[PDB]
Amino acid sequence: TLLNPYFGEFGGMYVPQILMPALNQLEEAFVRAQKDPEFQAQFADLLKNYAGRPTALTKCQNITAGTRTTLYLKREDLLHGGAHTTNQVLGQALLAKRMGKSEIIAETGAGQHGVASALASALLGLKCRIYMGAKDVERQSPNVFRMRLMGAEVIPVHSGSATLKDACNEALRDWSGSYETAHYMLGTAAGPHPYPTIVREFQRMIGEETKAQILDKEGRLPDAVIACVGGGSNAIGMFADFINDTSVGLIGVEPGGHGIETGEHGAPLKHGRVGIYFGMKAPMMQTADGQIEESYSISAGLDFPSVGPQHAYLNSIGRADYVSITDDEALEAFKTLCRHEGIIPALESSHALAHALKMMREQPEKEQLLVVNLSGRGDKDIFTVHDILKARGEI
């Protein structure tokens, strides 16, 4: 390889031999593109003129009242498509075309990677097929309609837990047979090298912008940046530029689901153990005898029993801290942002917000400047949430 596939002991390329050539080809294209001014120009043009970068950095007006916390929201919910997922898809799509691929394969849970893949495909003239767990098709339904309207083929996966990992399985199986004409547009900073690297580099602008914005507004770096972690793309995109800024805390939030103790969560980084799956060596939710355990989260976008290798590494060296947030905590954070800031966040993003609220509430007289990555908008979640709030009497 041209680049290092490992982050400490995590990462690698654990795929059937038949896929190695495809990965090597991708890595090569990526290295070349990165040095290609023409590529850089095109990417930047799409980000700016089509996707709507740079996204705003909004200062919360009400939710920090009565505390010494200053909270800013990196508005990825404002990106065309409705989430951070759009950034990297544009980059990958340009790569696909450069490699002469005419078809796209993708997996999605929240349907945000799915939507982004479909829009990029429509624009660049690629044929798109998307694998989505049957459970997700149901709970993130609005996104299914969007995908279909843009001409993408949506394939429901009924096997296993009928969620992200199951869609991931199907996508890899598909690619194994179609690598010649199809590019696998992996949705997160996980999987085999070079994906973790590529996705980070194509999401890097999140943190780069945040730094410039916060410095402009506050004249100093944040005390901490907080982001949810499902696969690890939005977090790493936010974290990347701050890694060398030691004074800046990096907090990743994994889904606590029903609660860690229940076993129904999606927090492998802190509660799993190293394993080999989905082409990588990383922390995983697994049984005693090495079978992959099914994750659980109210949030389709975080419902994945593993995590990107760079996160596992950052944790191990203690550069970044990882915590968990339960379903109930995320719901409250969702409700709160809606009613007090007039922003409807994705349930995924609500996990990161819930943690920031905890930080402020627990130590109200502690002076701190926080930045939360508002990874997406909650349009996709409204039917789901409404029916919960209702069943409780909060709506």
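One-based numbering along the sequence shown.
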inquiry  = I need to verify one thing: averaged over C-alpha atoms only, is the B-factor higher for 247 to 255 or for 210 to 218?
reply    = 210 to 218
task = Could you check the entry and say whether 229 to 237 or 272 to 280 has the higher mean CA B-factor?
result = 272 to 280
request  = Using the entry's values, work out which of 349, 326, 61, 55 has the largest Cα B factor.
outcome  = 61
note = From 172, 285, 120, 317, the top C-alpha temperature factor is at 172
inquiry  = Quick check for you: using the entry's CA B-factors within this chain, is residue 341 in the lowest, middle or highest third?
reply    = lowest
ask   = Split the chain's modelled residues into thirds by Cα B-factor; is residue 295 in the lowest, middle or highest one?
value = middle
query = Which third of the chain holds residue 17 when residues are ordered by C-alpha B factor: lowest, middle or highest?
reply = middle
Residue 195 - which third its CA temperature factor falls in, relative to the rest of the chain = lowest
inquiry  = Where does the C-alpha B-factor of residue 355 rank in its chain, lowest, middle or highest third?
reply    = middle
